[PDB]
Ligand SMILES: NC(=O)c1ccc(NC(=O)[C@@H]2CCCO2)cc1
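Below you will find one chain, with nothing else, as structure tokens; this is the form solved without the named molecule, and questions on how it binds or moves follow later.
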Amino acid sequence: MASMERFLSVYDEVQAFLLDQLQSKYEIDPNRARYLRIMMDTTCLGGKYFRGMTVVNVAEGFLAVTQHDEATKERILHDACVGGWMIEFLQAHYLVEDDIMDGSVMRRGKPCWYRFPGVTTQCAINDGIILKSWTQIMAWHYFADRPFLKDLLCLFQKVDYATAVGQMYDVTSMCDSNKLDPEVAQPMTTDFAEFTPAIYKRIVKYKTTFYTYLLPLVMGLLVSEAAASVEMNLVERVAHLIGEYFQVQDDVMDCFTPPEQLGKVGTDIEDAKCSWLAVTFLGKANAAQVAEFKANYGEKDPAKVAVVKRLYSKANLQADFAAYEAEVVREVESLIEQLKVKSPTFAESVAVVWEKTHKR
């Protein structure tokens, strides 16, 4: 059975389990069970399942080189699928809440969940909470007697927290650190002094790389009982690297991918986000180019957004992006080679992850 089919079948399984448990133990009625079923489908399905499928792909790699009974192989695959869905649901939580936080309009070519007529923000904040609770309900149900449950929960926990810290880094990224104060309304930075590579790196590392790369990779290792096939420091480094590159890609696409292929009208410029484009532009701009960026960035006026987009195109950031990508390729290949010392199999799963990231 192909990996995708198996992963989707487990969705249906987990969904049925969660809805049936709500009826048998949480006194739910059928209409609310329905609403929740539709919330789950709308918020968790539709993407490429890159995260959840990474878990499955890492486990498939170990299965190919490890002696197991058939029933054991099926168990391990089922665990990987469940683990995968945990990470997908974790994502779904973050996306629902982030869309609300940011007043976003669309996500994947459909309206953000909170904008559905019969949802609203008052329900959507809670639906997002439920999404994350379901990760834990799944884990405790499917993984209760598993040797890895402790390590899996502890890692999951740390990643979730990292992700929320990262969200804070991100939503504050256009404030001046020295002025942050719950008592005082926050002005946008005027100097852009904190739009640096180190700062940008910190935002992306927490907000995306831990849940998008490190969690799927390590979860594949845990459900495989293979975390001692690998050097964990290397897993982190490669995760953080490919993860930053995934986010530079999304930053570039926010600005330049037309909205039909992006699945939304990007608003990083209007929102004054600390993007790779902005940091890189500021790292090469002359005094006049800086001054004009400052007059136009972080304002809703489309004329001003167009001045920023012009500045970017004429600063030839395409070239900086090629250089960035070349350096990431060097470093990723290097880390893969290092991974081969203790696990050729895991190194190859990491190669596959890199390839899928490179080609999206």
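A residue's number is simply how far along the shown sequence it sits, counting from 1.
Per the PDB record, of the two stretches 187 to 195 and 127 to 135, 187 to 195 carries the greater mean B-factor over its C-alpha atoms. For the pair 73 to 81 and 265 to 273, the mean Cα B-factor is higher in 265 to 273. When the C-alpha B-factors of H141, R146, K110, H93 are ranked from the entry, the top spot goes to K110. You'll see in the entry that, of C255, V238, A226, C154, the Cα B factor peaks at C255. Sort the chain's modelled residues by C-alpha temperature factor and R32 lands in the middle third, per the entry.
The entry lists a Cα temperature factor for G52 that places it in the lowest third of the chain's modelled residues. The deposited CA B-factor of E97 belongs to the lowest third of values across its chain.
Looking at the C-alpha B-factors along this chain, the one for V341 belongs to the highest third. The entry lists a Cα temperature factor for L217 that places it in the lowest third of the chain's modelled residues.
This next part talks about the form deposited with the named molecule bound, which is not shown.
Under a 4.5 angstroms non-hydrogen atom cutoff, the named molecule in the entry with it bound has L282 among its neighbouring residues.
The named molecule is not drawn, but in the entry with it bound it has a heavy atom within 4.5 Å of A193.
Proximity of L335 to the named molecule in the entry with it bound falls outside the 4.5 Å heavy atom cutoff. Among heavy atoms of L45, some come within 4.5 Å of the named molecule in the entry with it bound. Although the named molecule is not shown here, in the entry with it bound the stretch 104 to 136 places heavy atoms of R107, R108, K110, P111, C112, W113 within 4.5 Å of it, in sequence order.
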